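*Asks:* Here you go, protein.txt (compact mmCIF, C-alpha atoms and all ligand atoms):
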```txt
# COMPACT_ATOMS: atom_id res chain seq x y z
CA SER Y 189 -25.14 0.72 45.32
CA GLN Y 190 -24.15 2.11 41.93
CA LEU Y 191 -22.54 -0.12 39.32
CA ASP Y 192 -19.22 0.23 41.14
CA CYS Y 193 -19.61 -2.15 44.10
CA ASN Y 194 -15.83 -1.99 44.38
CA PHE Y 195 -15.56 0.59 47.12
CA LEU Y 196 -13.28 -0.26 50.00
CA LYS Y 197 -9.58 0.44 49.51
CA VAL Y 198 -9.19 0.85 53.24
CA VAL Y 199 -7.94 4.40 53.84
CA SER Y 200 -4.56 5.46 52.42
CA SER Y 201 -1.47 5.68 54.63
CA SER Y 202 1.05 3.25 53.15
CA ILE Y 203 1.99 5.82 50.47
CA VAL Y 204 3.99 7.77 53.06
CA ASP Y 205 7.72 7.52 52.36
CA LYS Y 206 10.92 9.58 52.50
CA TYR Y 207 11.38 10.02 48.74
CA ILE Y 208 9.06 10.61 45.81
CA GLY Y 209 10.18 7.36 44.18
CA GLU Y 210 8.44 5.03 46.62
CA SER Y 211 5.26 7.13 46.48
CA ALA Y 212 5.19 7.02 42.68
CA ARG Y 213 5.73 3.27 42.82
CA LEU Y 214 2.91 2.73 45.32
CA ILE Y 215 0.49 5.05 43.50
CA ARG Y 216 1.01 3.39 40.11
CA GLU Y 217 0.67 0.04 41.89
CA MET Y 218 -2.71 1.14 43.21
CA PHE Y 219 -3.66 2.71 39.87
CA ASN Y 220 -3.03 -0.59 38.12
CA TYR Y 221 -4.99 -2.24 40.93
CA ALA Y 222 -7.94 0.02 40.15
CA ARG Y 223 -7.49 -0.63 36.42
CA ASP Y 224 -7.85 -4.33 37.24
CA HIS Y 225 -11.61 -4.13 37.69
CA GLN Y 226 -14.70 -2.14 36.74
CA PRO Y 227 -14.78 1.50 37.90
CA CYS Y 228 -12.81 1.41 41.15
CA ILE Y 229 -13.03 4.24 43.67
CA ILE Y 230 -10.33 4.61 46.30
CA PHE Y 231 -11.13 5.65 49.84
CA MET Y 232 -8.55 8.26 50.88
CA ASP Y 233 -9.46 8.81 54.54
CA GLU Y 234 -7.48 7.88 57.70
CA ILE Y 235 -5.17 10.83 57.08
CA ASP Y 236 -4.28 12.55 60.35
CA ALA N 204 44.66 22.29 42.05
CA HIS N 205 45.58 22.75 38.39
CA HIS N 206 49.09 24.13 38.85
CA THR N 207 50.49 22.03 41.71
CA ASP N 208 51.43 18.38 41.36
CA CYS N 209 50.76 17.53 45.00
CA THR N 210 47.55 15.43 45.07
CA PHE N 211 44.48 17.58 45.66
CA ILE N 212 41.78 16.05 47.85
CA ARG N 213 38.35 17.67 47.87
CA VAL N 214 35.83 17.81 50.67
CA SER N 215 32.55 19.66 50.32
CA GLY N 216 30.76 21.18 53.28
CA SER N 217 27.92 18.73 53.87
CA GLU N 218 29.91 15.62 53.06
CA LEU N 219 31.57 14.63 56.33
CA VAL N 220 28.14 14.69 58.01
CA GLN N 221 26.80 11.14 58.31
CA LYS N 222 23.57 10.14 60.04
CA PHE N 223 24.98 7.07 61.77
CA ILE N 224 26.91 8.24 64.81
CA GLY N 225 30.68 8.12 64.47
CA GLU N 226 30.61 7.64 60.72
CA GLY N 227 31.13 11.41 60.64
CA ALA N 228 34.55 10.99 62.24
CA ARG N 229 35.83 7.72 60.85
CA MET N 230 35.61 9.47 57.48
CA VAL N 231 37.89 12.30 58.58
CA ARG N 232 40.39 9.91 60.12
CA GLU N 233 40.44 7.90 56.90
CA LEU N 234 40.84 11.11 54.91
CA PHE N 235 43.96 12.11 56.76
CA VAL N 236 45.31 8.57 56.69
CA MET N 237 44.92 8.55 52.92
CA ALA N 238 46.63 11.92 52.72
CA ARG N 239 49.61 10.66 54.73
CA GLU N 240 49.66 7.64 52.42
CA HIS N 241 49.80 10.04 49.46
CA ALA N 242 52.79 12.20 50.25
CA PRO N 243 52.51 15.95 49.47
CA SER N 244 48.79 16.69 49.44
CA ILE N 245 46.46 19.65 49.81
CA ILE N 246 42.84 19.55 51.00
CA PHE N 247 40.46 22.33 50.01
CA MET N 248 37.55 22.10 52.38
CA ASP N 249 34.94 24.06 50.47
CA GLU N 250 32.29 26.07 52.29
CA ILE N 251 33.05 24.98 55.82
CA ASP N 252 30.34 26.53 57.92
CA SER N 253 28.93 23.00 57.74
CA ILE N 254 31.54 21.20 59.86
CA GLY N 255 32.30 24.31 61.84
CA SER N 256 30.53 27.19 63.52
CA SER N 257 30.81 27.40 67.30
CA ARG N 258 30.18 24.73 69.89
CA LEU N 259 26.64 24.92 71.18
CA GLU N 260 25.64 24.03 74.71
CA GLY N 261 24.60 20.43 74.41
CA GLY N 262 21.44 18.60 75.37
CA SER N 263 18.44 18.21 73.12
CA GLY N 264 18.74 21.82 72.07
CA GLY N 265 21.30 21.79 69.31
CA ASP N 266 23.54 19.82 67.00
CA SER N 267 26.19 17.65 68.62
CA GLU N 268 27.37 15.02 66.16
CA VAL N 269 28.61 17.67 63.75
CA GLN N 270 30.42 19.02 66.79
CA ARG N 271 32.16 15.69 67.31
CA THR N 272 33.24 15.65 63.67
CA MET N 273 34.63 19.15 64.05
CA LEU N 274 36.55 17.96 67.11
CA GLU N 275 38.01 15.00 65.25
CA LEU N 276 39.16 17.24 62.42
CA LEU N 277 40.66 19.70 64.89
CA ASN N 278 42.63 17.00 66.69
CA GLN N 279 43.93 15.52 63.47
CA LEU N 280 45.01 18.95 62.25
CA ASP N 281 47.00 19.58 65.43
CA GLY N 282 47.05 16.82 68.03
CA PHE N 283 49.36 14.36 69.71
CA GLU N 284 50.83 13.46 66.30
CA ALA N 285 52.45 16.14 64.15
CA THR N 286 51.14 15.78 60.62
CA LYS N 287 53.92 16.18 58.06
CA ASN N 288 53.63 17.37 54.46
CA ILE N 289 49.85 17.81 54.67
CA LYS N 290 48.31 21.23 54.10
CA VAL N 291 44.67 22.29 54.34
CA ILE N 292 42.81 25.07 52.53
CA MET N 293 39.51 26.17 54.04
CA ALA N 294 37.15 28.61 52.35
CA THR N 295 33.92 29.80 53.89
CA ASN N 296 31.88 32.98 53.97
CA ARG N 297 31.02 34.52 57.34
CA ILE N 298 34.39 34.33 59.07
CA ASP N 299 32.74 35.49 62.29
CA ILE N 300 30.62 32.36 62.78
CA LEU N 301 33.45 29.82 62.90
CA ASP N 302 34.68 28.40 66.19
CA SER N 303 37.50 29.89 68.23
CA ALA N 304 39.49 26.68 67.71
CA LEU N 305 39.55 26.27 63.94
CA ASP V 141 31.89 -9.52 31.19
CA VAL V 142 30.58 -6.07 32.08
CA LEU V 143 26.83 -5.63 32.40
CA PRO V 144 24.97 -2.47 31.40
CA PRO V 145 24.88 0.34 33.97
CA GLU V 146 22.30 -0.34 36.66
CA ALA V 147 21.36 0.75 40.20
CA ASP V 148 18.86 3.39 39.08
CA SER V 149 16.48 2.46 41.89
CA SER V 150 15.60 5.97 43.12
CA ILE V 151 14.95 7.08 39.55
CA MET V 152 13.18 10.41 39.83
CA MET V 153 14.33 11.08 36.27
CA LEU V 154 11.38 11.22 33.91
CA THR V 155 13.04 9.43 30.96
CA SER V 156 9.84 8.65 29.08
CA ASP V 157 6.61 7.07 30.41
CA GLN V 158 5.98 9.95 32.84
CA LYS V 159 6.42 12.99 30.61
CA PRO V 160 3.99 15.85 31.21
CA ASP V 161 1.28 16.44 28.64
CA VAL V 162 1.74 20.02 27.46
CA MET V 163 3.34 21.55 24.39
CA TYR V 164 4.47 25.15 24.09
CA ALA V 165 0.91 26.01 23.10
CA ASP V 166 -1.17 25.27 26.17
CA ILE V 167 0.47 28.28 27.84
CA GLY V 168 -1.31 31.51 27.06
CA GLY V 169 0.85 34.25 25.64
CA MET V 170 3.74 34.46 28.08
CA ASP V 171 5.86 35.77 25.25
CA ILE V 172 8.71 37.52 27.05
CA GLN V 173 9.13 34.79 29.64
CA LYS V 174 8.83 32.10 26.98
CA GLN V 175 11.56 33.64 24.87
CA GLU V 176 13.84 34.19 27.85
CA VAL V 177 13.49 30.70 29.32
CA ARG V 178 13.99 29.22 25.87
CA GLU V 179 17.11 31.28 25.22
CA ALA V 180 18.36 30.20 28.63
CA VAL V 181 17.75 26.43 28.48
CA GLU V 182 16.57 25.23 25.08
CA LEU V 183 18.79 27.36 22.85
CA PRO V 184 21.99 26.33 24.64
CA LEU V 185 21.79 22.61 23.96
CA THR V 186 20.88 22.34 20.29
CA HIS V 187 22.56 25.36 18.67
CA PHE V 188 25.68 25.07 20.80
CA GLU V 189 27.97 26.43 18.10
CA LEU V 190 25.73 29.50 18.06
CA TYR V 191 27.22 30.45 21.45
CA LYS V 192 30.92 29.62 21.37
CA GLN V 193 31.21 31.71 18.22
CA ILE V 194 30.66 34.71 20.51
CA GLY V 195 32.43 33.49 23.64
CA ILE V 196 29.54 33.39 26.10
CA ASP V 197 29.53 30.22 28.19
CA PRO V 198 25.73 30.16 28.30
CA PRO V 199 23.79 30.74 31.52
CA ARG V 200 23.56 27.70 33.78
CA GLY V 201 20.69 28.69 36.06
CA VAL V 202 17.31 30.38 35.76
CA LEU V 203 14.81 31.43 38.41
CA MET V 204 11.05 31.80 38.47
CA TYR V 205 9.41 34.73 40.20
CA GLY V 206 5.70 35.50 40.41
CA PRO V 207 2.43 35.63 42.32
CA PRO V 208 0.91 32.50 43.86
CA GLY V 209 -0.41 31.06 40.63
CA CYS V 210 0.83 32.26 37.27
CA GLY V 211 2.10 29.20 35.38
CA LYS V 212 5.58 28.74 36.81
CA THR V 213 5.18 24.98 37.15
CA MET V 214 3.37 24.79 33.82
CA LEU V 215 6.25 26.27 31.87
CA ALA V 216 8.51 23.86 33.73
CA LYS V 217 6.43 20.94 32.53
CA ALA V 218 6.45 22.35 29.01
CA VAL V 219 10.22 22.81 28.90
CA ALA V 220 10.54 19.27 30.21
CA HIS V 221 8.29 17.87 27.49
CA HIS V 222 9.94 19.73 24.60
CA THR V 223 13.49 18.76 25.48
CA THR V 224 16.18 16.33 24.41
CA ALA V 225 18.10 15.97 27.67
CA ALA V 226 17.06 14.38 30.95
CA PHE V 227 14.79 16.07 33.48
CA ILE V 228 14.54 15.52 37.24
CA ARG V 229 11.99 17.47 39.27
CA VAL V 230 12.42 17.52 43.04
CA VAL V 231 10.36 19.88 45.15
CA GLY V 232 12.06 21.99 47.79
CA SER V 233 10.24 20.12 50.52
CA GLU V 234 11.53 16.58 50.12
CA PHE V 235 14.86 17.94 51.32
CA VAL V 236 13.86 18.83 54.89
CA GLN V 237 13.94 15.25 56.15
CA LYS V 238 14.30 13.84 59.63
CA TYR V 239 17.61 12.04 60.03
CA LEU V 240 20.51 14.48 59.96
CA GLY V 241 22.77 14.52 56.94
CA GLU V 242 20.13 12.63 55.02
CA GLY V 243 19.19 16.05 53.69
CA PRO V 244 22.36 17.10 51.88
CA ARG V 245 22.79 13.52 50.74
CA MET V 246 19.70 14.01 48.61
CA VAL V 247 21.17 17.05 46.88
CA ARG V 248 24.45 15.27 46.28
CA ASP V 249 22.68 12.22 44.85
CA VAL V 250 20.44 14.36 42.66
CA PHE V 251 23.38 16.15 41.10
CA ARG V 252 25.38 12.94 40.78
CA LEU V 253 22.53 11.35 38.86
CA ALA V 254 22.24 14.45 36.72
CA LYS V 255 25.92 14.33 35.80
CA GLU V 256 25.83 10.57 35.28
CA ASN V 257 22.86 10.80 32.93
CA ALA V 258 24.23 13.06 30.20
CA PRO V 259 22.89 16.59 29.59
CA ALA V 260 20.16 17.19 32.14
CA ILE V 261 17.85 19.89 33.47
CA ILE V 262 17.26 19.85 37.23
CA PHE V 263 14.07 21.51 38.43
CA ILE V 264 13.82 22.56 42.07
CA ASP V 265 10.26 23.88 42.32
CA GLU V 266 8.76 25.92 45.12
CA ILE V 267 12.23 26.43 46.62
CA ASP V 268 11.22 29.02 49.17
CA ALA V 269 11.90 26.99 52.30
CA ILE V 270 15.64 26.49 52.01
CA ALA V 271 16.78 29.76 50.48
CA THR V 272 15.94 32.29 53.16
CA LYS V 273 18.79 34.47 54.43
CA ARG V 274 21.46 33.45 56.94
CA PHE V 275 20.32 34.40 60.46
CA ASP V 276 23.35 32.80 62.07
CA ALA V 277 21.68 30.01 63.99
CA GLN V 278 22.48 29.81 67.68
CA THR V 279 20.00 26.95 68.15
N1 LIG Y 401 -1.51 31.09 31.23
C1 LIG Y 401 -1.90 29.84 31.54
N2 LIG Y 401 -2.11 28.92 30.60
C2 LIG Y 401 -2.51 27.67 30.91
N3 LIG Y 401 -2.71 27.24 32.16
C3 LIG Y 401 -2.54 28.07 33.20
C4 LIG Y 401 -2.11 29.44 32.94
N4 LIG Y 401 -2.01 30.05 34.13
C5 LIG Y 401 -2.35 29.14 35.07
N5 LIG Y 401 -2.66 27.97 34.52
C6 LIG Y 401 -3.06 26.79 35.28
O1 LIG Y 401 -2.94 27.15 36.65
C7 LIG Y 401 -1.96 26.37 37.32
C8 LIG Y 401 -1.00 27.28 38.08
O2 LIG Y 401 0.32 26.76 38.02
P1 LIG Y 401 1.51 27.62 38.66
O3 LIG Y 401 1.02 29.00 38.97
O4 LIG Y 401 2.71 27.46 37.76
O5 LIG Y 401 1.89 26.87 40.03
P2 LIG Y 401 2.72 27.67 41.15
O6 LIG Y 401 1.72 28.06 42.20
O7 LIG Y 401 3.75 26.66 41.60
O8 LIG Y 401 3.28 28.83 40.39
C9 LIG Y 401 -1.25 25.53 36.28
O9 LIG Y 401 -1.30 24.16 36.65
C10 LIG Y 401 -2.03 25.72 35.00
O10 LIG Y 401 -2.70 24.50 34.70
```
Here is the file; what I need is its structure written in the form of structure tokens.
Ligand SMILES: Nc1ncnc2c1ncn2[C@@H]1O[C@H](COP(=O)(O)OP(=O)(O)O)[C@@H](O)[C@H]1O
*Replies:*
Amino acid sequence: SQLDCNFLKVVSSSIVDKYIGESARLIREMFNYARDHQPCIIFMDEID
Amino acid sequence: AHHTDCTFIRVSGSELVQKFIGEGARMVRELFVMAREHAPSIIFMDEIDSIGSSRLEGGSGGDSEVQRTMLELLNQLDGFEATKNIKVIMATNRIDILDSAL
Amino acid sequence: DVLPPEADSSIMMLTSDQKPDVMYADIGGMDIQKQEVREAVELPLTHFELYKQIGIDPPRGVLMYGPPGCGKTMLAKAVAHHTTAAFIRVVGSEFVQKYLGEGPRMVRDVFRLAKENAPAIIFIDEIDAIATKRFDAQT
């Protein structure tokens, strides 16, 4: 309802990996994704 | 290593352990084959509690693949074939934890 | 032809573009520790001749030791920022992995990358899991 309108970012599970490299890659990918648009807010639920 | 012109061949402790089954024994067999191919040689297995210790009762209650690698090394050190001009140096703390075979 | 060295896929090395943002002035007055960690890591690296002229073979490893939060990781970030050599930080938790042998492989690869990338400083932070005694495992 605020001037964000961009909420969704369905949960966050894909960032699980076996080395910090893949997690850094995925997180900067999502950070650039958020930078794509107006203030983007990332749902972080679905964790166990 | 620095005074003998034999052909030193290193092996760390956690280096013959490979996740894929059997790859932890093909490596030892290839090691000794290379040694035989290289005439006088000496192998200094560094801390060797890794491929060592004592055989544990099997099942899903202990390590087994490391046990198979230990067995392969044992057989190649003294088995049906008598290795010639190959000598092994093993160093490892805690002499009392090794197996009764090695 | 021979191409430039490659295959730095699992590049945990900072090497610019991820450096921490702290100088040696966002840390409040840890004077003794600051001097000691400097004389352990920073001093041997730049003023190398300052050491051999005494026959020392500078120290190669330093530990951190303190209550739950006191700035251990912060001084690590600072030393990493104000440094000329590489810097790879791997926590002592990414080593206890599932598939067997895949653990020690990570240590071997970390040190191989360190040696293959010139002078380097390897930071193993919160290493309290894999350091604890012997307790000859029968399990
Ligand atoms: N003296 C200090 N100066 C600046 N920041 C500090 C100081 N002490 C604690 N902090 C802040 O508190 C946090 C505690 O970090 P630290 O205690 O090193 O982590 P750890 O629990 O791994 O030791 C740091 O991120 C830092 O931002």
*Asks:* Atom CA of residue N:290 and atom CA of residue V:249 are how many Å apart?
*Replies:*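 Result for atom CA of residue N:290 versus atom CA of residue V:249: 28.7 Å, one decimal.
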*Asks:* Residues contacting ligand LIG 401 (chain Y) - anything with an atom at most 8 Å away, using all atoms listed in the file - can you give me those as a list in words?
*Replies:*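 Based on all atoms listed in the file, ligand LIG 401 (chain Y) is surrounded within 8 Å by residues 166, 167, 168, 169, 170, 206, 207, 208, 209, 210, 211, 212, 213, 214, 215, 216, 265 and 266 of chain V.
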*Asks:* At most 8 Å is the cut-off: for each residue in chain V with any atom that close to an atom of chain Y, write down the nearest atom pair and the distance in Å rounded to one decimal, counting all atoms listed in the file, chain first then increasing number, as CSV.
*Replies:*
```
residue,atom,partner,partner_atom,distance
V:150,CA,Y:209,CA,5.7
V:151,CA,Y:209,CA,6.7
V:152,CA,Y:209,CA,6.1
V:234,CA,Y:207,CA,6.7
V:237,CA,Y:206,CA,7.4
```
*Asks:* Please report as a ChimeraX atom specification which residues of chain V come no farther than 12 Å from chain N, using all atoms listed in the file.
*Replies:* /V:237-249,274-279
*Asks:* Tell me, in Å to one decimal, how far atom CA of residue N:205 is from atom CA of residue N:231.
*Replies:*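 Here the two named atoms are 24.0 Å from each other.
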*Asks:* Take stretch 197-208 of chain Y, model N, CA, C and O atoms, and hand the result over as a compact mmCIF listing (two decimals), in the frame of the given file.
*Replies:*
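Final file, part.txt:
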```
# COMPACT_ATOMS: atom_id res chain seq x y z
N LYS Y 197 -10.89 -0.19 49.60
CA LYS Y 197 -9.58 0.44 49.51
C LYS Y 197 -9.26 1.16 50.83
O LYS Y 197 -9.16 2.38 50.91
N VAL Y 198 -9.14 0.34 51.87
CA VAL Y 198 -9.19 0.85 53.24
C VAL Y 198 -8.19 1.98 53.40
O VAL Y 198 -6.98 1.77 53.33
N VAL Y 199 -8.72 3.19 53.63
CA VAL Y 199 -7.94 4.40 53.84
C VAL Y 199 -6.75 4.48 52.89
O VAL Y 199 -6.71 3.79 51.86
N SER Y 200 -5.78 5.33 53.22
CA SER Y 200 -4.56 5.46 52.42
C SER Y 200 -3.48 6.06 53.32
O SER Y 200 -3.48 7.27 53.57
N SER Y 201 -2.57 5.21 53.80
CA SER Y 201 -1.47 5.68 54.63
C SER Y 201 -0.14 5.11 54.16
O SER Y 201 0.91 5.75 54.31
N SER Y 202 -0.17 3.93 53.55
CA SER Y 202 1.05 3.25 53.15
C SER Y 202 1.87 4.04 52.14
O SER Y 202 3.06 3.75 51.98
N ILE Y 203 1.27 5.03 51.47
CA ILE Y 203 1.99 5.82 50.47
C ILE Y 203 2.95 6.82 51.08
O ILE Y 203 3.64 7.53 50.35
N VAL Y 204 3.02 6.90 52.41
CA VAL Y 204 3.99 7.77 53.06
C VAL Y 204 5.38 7.16 52.91
O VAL Y 204 5.58 5.96 53.16
N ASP Y 205 6.34 7.97 52.50
CA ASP Y 205 7.72 7.52 52.36
C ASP Y 205 8.64 8.71 52.61
O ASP Y 205 8.19 9.78 53.04
N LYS Y 206 9.93 8.52 52.34
CA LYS Y 206 10.92 9.58 52.50
C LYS Y 206 11.49 10.05 51.17
O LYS Y 206 12.42 10.87 51.16
N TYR Y 207 10.97 9.55 50.05
CA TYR Y 207 11.38 10.02 48.74
C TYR Y 207 10.25 9.79 47.76
O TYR Y 207 9.46 8.85 47.90
N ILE Y 208 10.17 10.67 46.75
CA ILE Y 208 9.06 10.61 45.81
C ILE Y 208 9.02 9.30 45.03
O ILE Y 208 7.97 8.91 44.52
```
